[PDB]
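See structure below.
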Amino acid sequence: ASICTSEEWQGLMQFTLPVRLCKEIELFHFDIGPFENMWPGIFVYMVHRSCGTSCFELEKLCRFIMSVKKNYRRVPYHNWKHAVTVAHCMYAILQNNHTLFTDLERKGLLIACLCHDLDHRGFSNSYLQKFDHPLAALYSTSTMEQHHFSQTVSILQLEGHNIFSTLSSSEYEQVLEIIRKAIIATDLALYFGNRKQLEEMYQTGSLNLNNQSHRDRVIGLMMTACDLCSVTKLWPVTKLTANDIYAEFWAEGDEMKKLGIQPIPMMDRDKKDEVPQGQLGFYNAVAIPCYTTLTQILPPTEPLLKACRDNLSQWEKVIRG
Ligand SMILES: c1cc2ncc3ccsc3c2cn1
Ligand SMILES: [Mg+2]
Ligand SMILES: [Zn+2]
């Protein structure tokens, strides 16, 4: 784990967010893309708005964030920008559903969203497992996601970073278990089971947010909705993020080609024409069901389902030349 220099974390404490942005940040379709220098600060703003201006030591929160930012790599998609996009979509969800969640959950989730793809190397779980990478050794299933939570704990545990230390001991364990579970749920592989279970609970009318296991599933889906929120932005933001996503896919493909292995068409840059159909399969099979389940469960999240439906209708218009 890398530590942020003293110069970095102090600049953030001073940061004041344009009052004209405070209005936009509250919207689901909000895009953070055009605001790079203000990401660390927009996240602090989000923390304070959601869990109070006295959630954490500001000196610690700022240390933590800048060090988190530092342990995200410069790969094309799974980078610092993505971590913050996911945190924002979660803030937007938390904000619209505030009391359904405890104060320890809100702070748990915001941080897990920031921390969720920490130290990503731009390679899928499959890859690492297929070619027996040390990380596949260390972690059998949900490989990257386990490493991310490893990193989350290994930052929390740096001199003066532990924004949770003033929690009671039963609250500290409690909060780190939200974090663990939320992160693990960003393993898309686990999402389809989760989604499927929750759907039933709903239809039956036997879904029960008091019941912990149910809550843990609802949080699971929230994490997936958040991880995928590229697809709920305005068409040109969506098109542009998709570019960065595939840039990473292709660069994973490139190493498999290099290795005399043919990559799936998703990770093969010489199969660009299949992307519009690739997208249309992902949206039908994954995103739509996701936001469709999230909106039955937490109805304020409608405009996420609405936006995704809009961008689906758009990939269609690219299939027709
Ligand atoms: C946004 C768009 C996407 N399009 C395709 C695929 C495929 C795997 S994750 C993913 C994806 C994730 N976020
Ligand atoms: Mg991930
Ligand atoms: Zn992610």
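The trypsin sites (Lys or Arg not before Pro) found in region 232-321 that occupy coil by DSSP, while having at most 15 further C-beta atoms within 10 Å, are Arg320. Put simply, the C-alpha atoms of region 49-158 give a gyration tensor, and the ellipsoid matching it has half-axes of 28, 15, 13 Å, longest first.
Note on the chain: with charges restricted to the Cβ of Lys and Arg (+1) and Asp and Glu (-1), its dipole about the Cα centre is near 500 debye. Here the relative contact order of the chain, from alpha carbon pairs under 8 Å that lie six or more residues apart, stands at 18 percent.
For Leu158 and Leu21, the FRET efficiency from 1/(1 + (r/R0)^6), where r spans their Cβ atoms and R0 equals 35 Å, is about 0.70.
Loop-resident trypsin sites (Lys or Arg not before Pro) (DSSP state other than H, G, I, E or B) in region 1-103 with no more than 16 further Cβ atoms inside 10 Å of their Cβ: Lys23, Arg73, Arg74.
When +1 charges are put on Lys and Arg Cβ atoms and -1 charges on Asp and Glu Cβ atoms, the dipole computed for region 7-141 relative to its Cα centre reaches about 160 debye. The residues neighbouring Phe149, those whose beta-carbon lies less than 12 Å from its own, together hold a net charge of -3 under the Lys/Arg +1, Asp/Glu -1 convention. Here the extension length gained between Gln197 and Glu36 equals 54.1 nm, from 0.36 nm per residue of separation less the Cα-Cα distance.
The relative contact order of region 60-158, computed from alpha carbon pairs under 8 Å that lie at least 6 residues apart in sequence, is 31 percent. Over 28 Å apart at the Cα level, from the set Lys81/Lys196; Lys69/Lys233; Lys23/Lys107, are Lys81/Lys196.
Ranked for footprinting exposure by Cβ neighbours inside 10 Å, fewest first, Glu252, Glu105, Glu302, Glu177 give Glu177, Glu302, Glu105, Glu252.
Sorted fewest first by neighbouring Cβ atoms within 10 angstrom, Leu110, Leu298, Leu138 come out as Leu138, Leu298, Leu110. Annotation for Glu57 and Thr204: the two label points, set 7 Å from Cα along the Cα-Cβ direction, are 4.7 nm apart.
Count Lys and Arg as plus one, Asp and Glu as minus one, and take only other residues whose Cβ is under 11 Å from that of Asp119; the net charge is then +2.
With 0.36 nm allotted per residue and the present C-alpha distance subtracted, the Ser170-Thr292 stretch has 40.4 nm of extension available.
Neighbour counting of Cβ atoms within 10 Å sorts the residues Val318, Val75, fewest neighbours leading, into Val318, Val75. Within the shell of other residues whose beta carbon sits under 13 angstrom from the beta carbon of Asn284, the net charge comes to 0, with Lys and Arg scored +1 and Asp and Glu -1. When the GluC sites (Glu not before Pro) in region 128-172 are filtered for DSSP coil states and for at most 13 other beta-carbon atoms within 10 Å of their beta-carbon, the remaining sites are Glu159.
With the biggest extent put first, the Cα atoms of the chain measure 53, 47, 41 Å across the principal axes.
Note on the chain: dipole from Cβ charges, positive end direction compared against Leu27, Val218, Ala189; the farthest Cα belongs to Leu27. With the helix formula -39500 (n - 2.57) applied to DSSP H stretches of n ≥ 4, the chain reaches a computed 222 nm mean residue ellipticity of -20000 deg cm²/dmol.
For neighbour counting, all protein chains shown are included, and Cβ atoms are generated from backbone atoms with ideal geometry for every residue, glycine included. Every number in this text was worked out from the coordinates using simple rules, so none of it is lab data.
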